[PDB]
file protein_31.txt (compact mmCIF, C-alpha atoms)
# COMPACT_ATOMS: atom_id res chain seq x y z
CA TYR A 112 -106.15 51.02 -53.35
CA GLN A 113 -104.80 48.02 -55.31
CA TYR A 114 -101.29 49.45 -54.94
CA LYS A 115 -101.80 49.50 -51.17
CA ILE A 116 -103.15 45.93 -51.17
CA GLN A 117 -100.16 44.59 -53.12
CA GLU A 118 -97.89 46.65 -50.85
CA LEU A 119 -99.61 44.99 -47.88
CA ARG A 120 -98.87 41.56 -49.39
CA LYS A 121 -95.24 42.59 -49.96
CA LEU A 122 -95.00 43.87 -46.38
CA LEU A 123 -96.41 40.58 -45.03
CA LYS A 124 -93.90 38.56 -47.06
CA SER A 125 -91.09 40.88 -45.90
CA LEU A 126 -92.19 40.43 -42.28
CA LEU A 127 -92.08 36.64 -42.65
CA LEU A 128 -88.64 36.84 -44.28
CA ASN A 129 -87.42 39.20 -41.55
CA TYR A 130 -88.59 36.75 -38.88
CA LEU A 131 -86.71 33.94 -40.64
CA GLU A 132 -83.59 36.13 -40.81
CA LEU A 133 -84.00 36.99 -37.11
CA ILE A 134 -84.10 33.27 -36.28
CA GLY A 135 -80.95 32.76 -38.35
CA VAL A 136 -79.13 35.62 -36.60
CA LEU A 137 -80.22 34.23 -33.23
CA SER A 138 -79.03 30.77 -34.31
CA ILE A 139 -75.49 31.95 -35.19
CA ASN A 140 -74.85 35.16 -33.20
CA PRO A 141 -77.48 36.84 -30.98
CA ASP A 142 -75.59 40.14 -30.79
CA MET A 143 -76.74 41.81 -34.03
CA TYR A 144 -80.40 41.11 -33.20
CA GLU A 145 -81.04 44.82 -32.54
CA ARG A 146 -81.21 45.87 -36.20
CA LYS A 147 -83.39 42.87 -37.10
CA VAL A 148 -85.82 43.66 -34.27
CA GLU A 149 -85.80 47.27 -35.51
CA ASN A 150 -86.62 46.09 -39.05
CA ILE A 151 -89.49 43.94 -37.76
CA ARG A 152 -90.65 46.97 -35.71
CA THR A 153 -90.71 49.27 -38.75
CA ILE A 154 -92.25 46.59 -41.04
CA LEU A 155 -95.05 46.11 -38.50
CA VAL A 156 -95.74 49.82 -38.07
CA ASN A 157 -95.79 50.13 -41.87
CA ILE A 158 -98.33 47.28 -42.05
CA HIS A 159 -100.47 48.90 -39.35
CA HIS A 160 -100.24 52.34 -40.98
CA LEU A 161 -101.28 50.87 -44.34
CA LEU A 162 -104.29 49.33 -42.57
CA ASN A 163 -105.07 52.73 -41.05
CA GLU A 164 -104.84 54.35 -44.49
CA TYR A 165 -107.27 51.72 -45.78
CA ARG A 166 -109.56 52.31 -42.78
CA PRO A 167 -111.53 55.26 -44.30
CA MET B 1 -45.46 33.40 -24.40
CA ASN B 2 -41.91 32.92 -23.15
CA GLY B 3 -42.49 35.53 -20.46
CA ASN B 4 -45.71 33.83 -19.36
CA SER B 5 -43.96 30.44 -19.27
CA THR B 6 -41.04 31.69 -17.17
CA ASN B 7 -43.17 33.76 -14.80
CA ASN B 8 -45.45 30.75 -14.23
CA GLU B 9 -42.25 28.86 -13.42
CA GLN B 10 -41.59 31.34 -10.63
CA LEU B 11 -45.29 31.02 -9.69
CA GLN B 12 -44.71 27.31 -9.09
CA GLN B 13 -41.42 27.88 -7.24
CA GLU B 14 -42.89 30.67 -5.08
CA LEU B 15 -45.97 28.64 -4.14
CA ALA B 16 -43.82 25.61 -3.27
CA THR B 17 -41.52 27.58 -0.97
CA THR B 18 -44.54 29.22 0.66
CA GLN B 19 -45.87 25.68 1.24
CA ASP B 20 -42.59 25.10 3.06
CA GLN B 21 -42.81 28.31 5.11
CA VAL B 22 -46.45 27.81 6.13
CA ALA B 23 -45.71 24.18 7.07
CA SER B 24 -42.79 25.38 9.21
CA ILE B 25 -45.16 27.85 10.90
CA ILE B 26 -47.63 25.03 11.61
CA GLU B 27 -44.78 22.89 13.02
CA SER B 28 -43.82 25.76 15.33
CA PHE B 29 -47.50 25.86 16.27
CA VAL B 30 -47.62 22.15 17.15
CA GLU B 31 -44.54 22.50 19.35
CA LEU B 32 -45.78 25.47 21.34
CA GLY B 33 -49.16 23.72 21.56
CA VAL B 34 -47.55 20.70 23.19
CA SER B 35 -45.55 23.19 25.30
CA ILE B 36 -48.83 24.64 26.61
CA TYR B 37 -50.31 21.17 27.13
CA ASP B 38 -47.29 19.77 29.00
CA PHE B 39 -45.65 22.92 30.39
CA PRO B 40 -43.25 22.09 33.26
CA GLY B 41 -42.93 25.73 34.36
CA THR B 42 -39.13 25.80 34.13
CA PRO B 43 -37.29 28.97 33.00
CA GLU B 44 -35.58 26.92 30.27
CA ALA B 45 -39.04 25.98 28.97
CA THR B 46 -40.09 29.64 29.10
CA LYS B 47 -37.03 30.68 27.08
CA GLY B 48 -37.74 27.89 24.59
CA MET B 49 -41.26 29.28 24.20
CA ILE B 50 -39.79 32.78 23.75
CA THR B 51 -37.53 31.49 20.96
CA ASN B 52 -40.58 29.74 19.46
CA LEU B 53 -42.32 33.12 19.28
CA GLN B 54 -39.10 34.56 17.79
CA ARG B 55 -39.06 32.01 14.98
CA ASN B 56 -42.80 32.44 14.33
CA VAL B 57 -42.36 36.21 14.06
CA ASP B 58 -39.37 35.96 11.72
CA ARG B 59 -41.14 33.45 9.44
CA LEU B 60 -44.10 35.85 9.26
CA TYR B 61 -41.55 38.64 8.65
CA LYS B 62 -40.06 36.79 5.67
CA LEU B 63 -43.38 35.93 4.06
CA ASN B 64 -44.93 39.38 4.64
CA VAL B 65 -41.97 41.29 3.23
CA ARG B 66 -42.02 38.81 0.34
CA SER B 67 -45.72 39.60 -0.15
CA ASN B 68 -44.49 43.18 -0.55
CA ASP B 69 -41.51 42.05 -2.69
CA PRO B 70 -41.60 43.33 -6.31
CA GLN B 71 -39.81 40.18 -7.54
CA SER B 72 -42.99 38.20 -6.97
CA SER B 73 -46.10 36.92 -8.70
CA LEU B 74 -47.82 37.04 -5.28
CA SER B 75 -49.81 40.06 -6.52
CA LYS B 76 -50.35 38.83 -10.09
CA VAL B 77 -52.02 35.63 -8.91
CA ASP B 78 -55.71 36.34 -8.29
CA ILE B 79 -57.93 35.10 -5.46
CA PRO B 80 -61.75 35.42 -5.23
CA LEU B 81 -64.02 35.32 -2.20
CA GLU B 82 -65.99 32.14 -2.91
CA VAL B 83 -63.00 29.80 -2.62
CA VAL B 84 -61.83 31.42 0.63
CA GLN B 85 -65.28 31.19 2.24
CA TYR B 86 -65.58 27.65 0.85
CA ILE B 87 -62.32 26.64 2.55
CA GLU B 88 -63.53 28.42 5.71
CA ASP B 89 -66.66 26.23 5.50
CA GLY B 90 -64.38 23.19 5.73
CA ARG B 91 -64.96 21.92 2.18
CA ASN B 92 -62.37 20.93 -0.40
CA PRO B 93 -61.58 23.73 -2.92
CA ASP B 94 -60.98 21.31 -5.79
CA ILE B 95 -64.75 20.69 -5.60
CA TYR B 96 -65.14 24.45 -6.12
CA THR B 97 -62.93 24.22 -9.22
CA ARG B 98 -64.88 21.15 -10.40
CA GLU B 99 -68.26 22.83 -9.95
CA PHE B 100 -67.08 26.02 -11.64
CA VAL B 101 -65.57 24.32 -14.72
CA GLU B 102 -68.61 22.04 -14.89
CA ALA B 103 -70.70 25.22 -14.90
CA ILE B 104 -68.54 26.37 -17.83
CA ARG B 105 -69.44 23.19 -19.71
CA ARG B 106 -73.12 23.51 -18.67
CA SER B 107 -73.37 27.03 -20.07
CA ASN B 108 -71.52 26.01 -23.24
CA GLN B 109 -73.84 23.04 -23.82
CA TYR B 110 -76.96 25.04 -22.92
CA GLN B 111 -76.08 27.83 -25.35
CA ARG B 112 -75.19 25.22 -28.00
CA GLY B 113 -78.61 23.65 -27.44
CA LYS B 114 -80.12 27.10 -27.95
CA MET B 115 -78.17 27.47 -31.20
CA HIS B 116 -79.14 24.05 -32.58
CA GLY B 117 -82.80 24.41 -31.60
CA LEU B 118 -82.83 27.81 -33.29
CA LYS B 119 -81.21 26.24 -36.37
CA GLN B 120 -83.89 23.53 -36.42
CA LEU B 121 -86.57 26.23 -36.17
CA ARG B 122 -84.82 28.24 -38.90
CA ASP B 123 -84.49 25.52 -41.52
CA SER B 124 -87.90 23.94 -40.79
CA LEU B 125 -89.61 27.33 -41.09
CA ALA B 126 -87.57 28.15 -44.21
CA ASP B 127 -88.56 24.88 -45.89
CA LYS B 128 -92.22 25.44 -45.02
CA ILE B 129 -92.04 29.03 -46.33
CA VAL B 130 -90.61 27.71 -49.61
CA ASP B 131 -93.31 25.02 -49.79
CA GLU B 132 -96.16 27.47 -49.16
CA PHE B 133 -94.95 30.43 -51.26
CA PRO B 134 -93.04 29.38 -54.41
CA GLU B 135 -92.17 33.03 -55.15
CA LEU B 136 -90.06 33.26 -51.96
CA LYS B 137 -87.45 30.67 -53.00
CA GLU B 138 -84.64 33.12 -53.81
CA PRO B 139 -85.05 35.37 -50.69
CA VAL B 140 -85.19 32.32 -48.40
CA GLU B 141 -82.08 30.83 -50.02
CA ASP B 142 -80.33 34.19 -49.66
CA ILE B 143 -81.37 34.41 -45.99
CA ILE B 144 -80.19 30.86 -45.23
CA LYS B 145 -76.89 31.48 -47.05
CA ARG B 146 -76.32 34.75 -45.18
CA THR B 147 -77.27 33.29 -41.78
CA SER B 148 -75.05 30.26 -42.48
CA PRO B 149 -71.83 32.03 -43.52
CA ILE B 150 -68.32 30.69 -44.13
CA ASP B 151 -67.09 28.81 -41.06
CA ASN B 152 -63.97 30.18 -39.37
CA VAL B 153 -64.85 29.39 -35.74
CA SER B 154 -67.02 26.29 -36.25
CA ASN B 155 -64.96 23.80 -38.30
CA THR B 156 -62.58 23.30 -35.36
CA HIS B 157 -64.02 21.49 -32.33
call {"tool": "encode", "arguments": {"input": "protein_31.txt", "output": "structure tokens"}}
result
Amino acid sequence: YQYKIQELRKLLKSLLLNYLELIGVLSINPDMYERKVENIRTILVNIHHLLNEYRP
Amino acid sequence: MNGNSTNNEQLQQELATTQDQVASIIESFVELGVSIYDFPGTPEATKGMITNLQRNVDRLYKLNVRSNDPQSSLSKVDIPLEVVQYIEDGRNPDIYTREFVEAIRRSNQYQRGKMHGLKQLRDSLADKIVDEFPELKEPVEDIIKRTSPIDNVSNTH
């Protein structure tokens, strides 16, 4: 499961970077926010699904 | 832009001559009002009142058929409901213009405050991300560069 744990770290870092990018997009033009919210949505469900895979 | 300039010139001319026509209508109104208030009952006074109604009807004729005239910006000029009810309330419509353009500047400044607060959040959070995680320096710099692109609609004030 070490691959999943490092993937979880990578997903956390990607979520933080995606939040920072969302703040940048909101700070210059809040009309392409839909794809960034979608990316945060899929990053979060990937994080939660990796936790559910680690649950057994 | 030449067409807009010249048609706004006939806007100004058409509004000025309608000022004249409406003022003439109000002057006809003041004279039949004083006719009612000091009516002597003479047939000459009655015929003068009849001619007053004649001139009122033909002034309304001219301005109504000119409201249906194609050679007119009477239709191209636009009127909303708030200014007409505001004048009906007895209040000065230049205050309506003032409040509306001040609302323009309020929304511009409020959205600009949103943008600058979001920029403060962005660069403070980016600096703290770089300070905490030294391996995120390149992605944060890429994100800041991409979310601060080349300025084409920000260099000008």
call {"tool": "residues_near_point", "arguments": {"input": "protein_31.txt", "point": "(-38.7, 30.9, 16.9)", "cutoff": "12 Å", "atoms": "only C-alpha atoms", "output": "list in words"}}
result
residues 24, 25, 26, 27, 28, 29, 31, 32, 47, 48, 49, 50, 51, 52, 53, 54, 55, 56, 57, 58, 59, 60 and 61 of chain B
call {"tool": "atom_distance", "arguments": {"input": "protein_31.txt", "atom1": "atom CA of residue 119 of chain A", "atom2": "atom CA of residue 161 of chain A"}}
result
7.1 Å
call {"tool": "closest_atom_pairs", "arguments": {"input": "protein_31.txt", "of": "chain B", "to": "chain A", "cutoff": "7 Å", "atoms": "all atoms listed in the file", "output": "JSON lines"}}
result
{"residue": "B:115", "atom": "CA", "partner": "A:138", "partner_atom": "CA", "distance": 4.6}
{"residue": "B:116", "atom": "CA", "partner": "A:138", "partner_atom": "CA", "distance": 6.9}
{"residue": "B:118", "atom": "CA", "partner": "A:138", "partner_atom": "CA", "distance": 4.9}
{"residue": "B:119", "atom": "CA", "partner": "A:138", "partner_atom": "CA", "distance": 5.4}
{"residue": "B:122", "atom": "CA", "partner": "A:134", "partner_atom": "CA", "distance": 5.7}
{"residue": "B:126", "atom": "CA", "partner": "A:131", "partner_atom": "CA", "distance": 6.9}
{"residue": "B:143", "atom": "CA", "partner": "A:132", "partner_atom": "CA", "distance": 5.9}
{"residue": "B:147", "atom": "CA", "partner": "A:135", "partner_atom": "CA", "distance": 5.1}
call {"tool": "closest_residue", "arguments": {"input": "protein_31.txt", "among": "B:111, B:97, B:46, B:21", "to": "residue 62 of chain B", "atoms": "all atoms listed in the file"}}
result
B:21
call {"tool": "atom_distance", "arguments": {"input": "protein_31.txt", "atom1": "atom CA of residue 7 of chain B", "atom2": "atom CA of residue 103 of chain B"}}
result
28.8 Å
call {"tool": "axis_aligned_box", "arguments": {"input": "protein_31.txt", "around": "segment 35-40 of chain B", "padding_each_side": "4 Å", "output": "lines of an AutoDock Vina configuration file"}}
result
center_x = -46.8
center_y = 22.2
center_z = 29.3
size_x = 15.1
size_y = 12.9
size_z = 16.0
call {"tool": "atom_distance", "arguments": {"input": "protein_31.txt", "atom1": "atom CA of residue 150 of chain A", "atom2": "atom CA of residue 131 of chain B"}}
result
24.6 Å
call {"tool": "residues_near_point", "arguments": {"input": "protein_31.txt", "point": "(-47.1, 36.7, -7.8)", "cutoff": "10 Å", "atoms": "all atoms listed in the file", "output": "list in words"}}
result
residues 7, 8, 10, 11, 12, 14, 15, 66, 67, 69, 70, 71, 72, 73, 74, 75, 76, 77 and 78 of chain B
call {"tool": "residues_around", "arguments": {"input": "protein_31.txt", "residues": "residue 153 of chain A", "least_positions_apart": "6", "cutoff": "12 Å", "atoms": "all atoms listed in the file", "output": "list in words"}}
result
residues 122, 125, 126, 129, 146, 147, 159 and 160 of chain A
call {"tool": "residues_around", "arguments": {"input": "protein_31.txt", "residues": "residue 130 of chain B", "least_positions_apart": "2", "cutoff": "12 Å", "atoms": "only C-alpha atoms", "output": "VMD selection string"}}
result
(chain A and resid 124 127 to 128 131) or (chain B and resid 123 to 128 132 to 141 143 to 144)
call {"tool": "residues_around", "arguments": {"input": "protein_31.txt", "residues": "residue 165 of chain A", "least_positions_apart": "2", "cutoff": "9 Å", "atoms": "all atoms listed in the file", "output": "ChimeraX atom specification"}}
result
/A:112,115-116,160-163,167
call {"tool": "decode", "arguments": {"input": "protein_31.txt", "residues": "chain A", "atoms": "C-alpha atoms", "output": "CSV table (one decimal), in the first residue's frame"}}
result
chain,number,residue,atom,x,y,z
A,112,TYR,CA,0.0,0.0,0.0
A,113,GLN,CA,3.0,2.3,-0.1
A,114,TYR,CA,2.1,3.3,-3.7
A,115,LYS,CA,-1.3,4.3,-2.4
A,116,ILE,CA,0.1,6.3,0.5
A,117,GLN,CA,2.5,8.2,-1.8
A,118,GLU,CA,-0.4,8.7,-4.2
A,119,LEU,CA,-2.5,10.1,-1.3
A,120,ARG,CA,0.4,12.5,-0.6
A,121,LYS,CA,0.4,13.5,-4.2
A,122,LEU,CA,-3.3,13.9,-4.3
A,123,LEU,CA,-3.2,16.2,-1.2
A,124,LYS,CA,-0.5,18.4,-2.7
A,125,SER,CA,-2.5,18.5,-6.0
A,126,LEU,CA,-5.6,19.5,-4.0
A,127,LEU,CA,-3.7,22.4,-2.3
A,128,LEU,CA,-2.3,23.5,-5.7
A,129,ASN,CA,-5.8,23.3,-7.2
A,130,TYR,CA,-7.2,25.5,-4.5
A,131,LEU,CA,-4.4,28.0,-5.0
A,132,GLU,CA,-5.2,28.0,-8.8
A,133,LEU,CA,-8.9,28.4,-8.0
A,134,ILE,CA,-8.1,31.5,-5.9
A,135,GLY,CA,-6.0,32.9,-8.8
A,136,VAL,CA,-8.8,32.3,-11.3
A,137,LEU,CA,-11.3,33.9,-9.0
A,138,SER,CA,-8.8,36.8,-8.5
A,139,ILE,CA,-8.5,37.6,-12.3
A,140,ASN,CA,-11.7,36.2,-13.9
A,141,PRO,CA,-14.4,34.2,-12.0
A,142,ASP,CA,-15.9,32.8,-15.2
A,143,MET,CA,-13.7,29.8,-15.8
A,144,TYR,CA,-14.2,28.6,-12.2
A,145,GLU,CA,-16.3,25.6,-13.3
A,146,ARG,CA,-13.4,23.5,-14.5
A,147,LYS,CA,-11.3,24.3,-11.4
A,148,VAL,CA,-14.2,23.3,-9.1
A,149,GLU,CA,-14.6,20.2,-11.2
A,150,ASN,CA,-10.9,19.4,-10.8
A,151,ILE,CA,-11.2,19.9,-7.0
A,152,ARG,CA,-14.3,17.7,-7.0
A,153,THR,CA,-12.5,14.8,-8.8
A,154,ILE,CA,-9.3,15.2,-6.7
A,155,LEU,CA,-11.4,15.0,-3.6
A,156,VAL,CA,-13.4,11.9,-4.7
A,157,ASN,CA,-10.1,10.3,-5.7
A,158,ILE,CA,-8.7,11.1,-2.2
A,159,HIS,CA,-11.8,9.6,-0.6
A,160,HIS,CA,-11.8,6.5,-2.8
A,161,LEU,CA,-8.1,5.9,-2.0
A,162,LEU,CA,-9.1,6.1,1.7
A,163,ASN,CA,-11.9,3.6,1.0
A,164,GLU,CA,-9.4,1.3,-0.7
A,165,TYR,CA,-7.2,1.5,2.3
A,166,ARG,CA,-10.2,0.9,4.6
A,167,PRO,CA,-10.0,-3.0,4.5
